[PDB]
Structures are given as structure tokens and as C-alpha cells.
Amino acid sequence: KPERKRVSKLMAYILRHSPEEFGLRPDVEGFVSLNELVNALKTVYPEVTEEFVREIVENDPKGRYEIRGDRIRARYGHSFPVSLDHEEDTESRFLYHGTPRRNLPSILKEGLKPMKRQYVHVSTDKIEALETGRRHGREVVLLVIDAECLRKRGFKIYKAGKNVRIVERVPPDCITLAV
């Protein structure tokens, strides 16, 4: 059961960041072949099979991965451009983003920016926002974002996981509170 986390984490690396380092070239929507990914994962964990990966996909709590037939992709978090077809979140009134406090003086000046990824990632869920923010450092703040502000400015919000949402950027006057 903790072997699943090891393989799931390498999957995120390959599917979000450096497919080229395993000699994979994802298509425009971000998909690679399921056979490609197993063969790529095998040169680190040779025990890995297509069923193990399909178990990982179906089980994932956030919906990190997507399988269409024989192809697989990460649904968000990429650091190379992709063409995702997610649905627009038109109902959320508030969204959340956790980040180390040390980041706040720049965010207040520039808003949230995608940094190394393609999109800014926010959450419909306060706990998941705080938990991801905690990965970078121990002192985390919870940013509350007015979603309607973003829509009015043209930045549409898309449902990329269970609670994960993606936007181009969050201008600072759409951040209503930092907690």
C-alpha cells in the first residue's frame, strides 16, 4: 500500500514535468500511451505492471490521473503546456490557496502567479489548500479568493480534480483574506 505512493509519485514527475527524460513525447492534450508509461516506470520499479497503474488511477483520492482507453495523463499540475478539456467551475463563490507566509509580500504585490507550472492551482477545500501549502514550509497561510472577481476579470476557473481548480492567475484584488 505504501508501494503505491512511490509509483504514483514517479508518475506525477513523468506526466507533469519531464516526460522527455524517459524519451516520451506527450500529445497536445498531455496524454501518453499506457504501454509507454509502464515501460518507463519499469526502468525504476521493474515490478510495475499495467494493472498496478490502473489500480493507482482508479483509486486516487484527488483524481490526479485520467485514462482514456489505452492512454493516460495527469489532469493538472503540468509544467509544460497542455490542452486540457476540463469543465468550467461556475458555481464556486470562494476558493482557497495555501502558501508559506514568507511568500505573502510578493503575492500581495503581484497576485498568485503560475510560477513553474502552466496554471495557478487553488482548491474548493480549505484543508487541501492548507495541506499542499504545508509541503513548502511549516508556516502556512490560507488565502481566500473571490471566484466571481476572477470570472469578471476574464480568468475562467476549471474543475481539474475533486477539489483542485485551475486558473491563469489570481490578481491581488481578488484575494479577499489571508489567514
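Just count from 1 along the sequence shown to find any residue number.
- For the pair 92-100 and 77-85, the mean B factor over Cα atoms is greater in 77-85.
- Relative to one another, 64-72 and 139-147 have unequal mean CA B-factors, and 64-72 is the one with the higher figure.
- Across 122, 115, 41, 130, the entry's maximum B-factor at the CA atom is seen for 41.
- The PDB entry assigns residue 156 a C-alpha temperature factor belonging to the middle third of its chain's modelled residues.
- The entry lists a Cα temperature factor for residue 25 that places it in the highest third of the chain's modelled residues.
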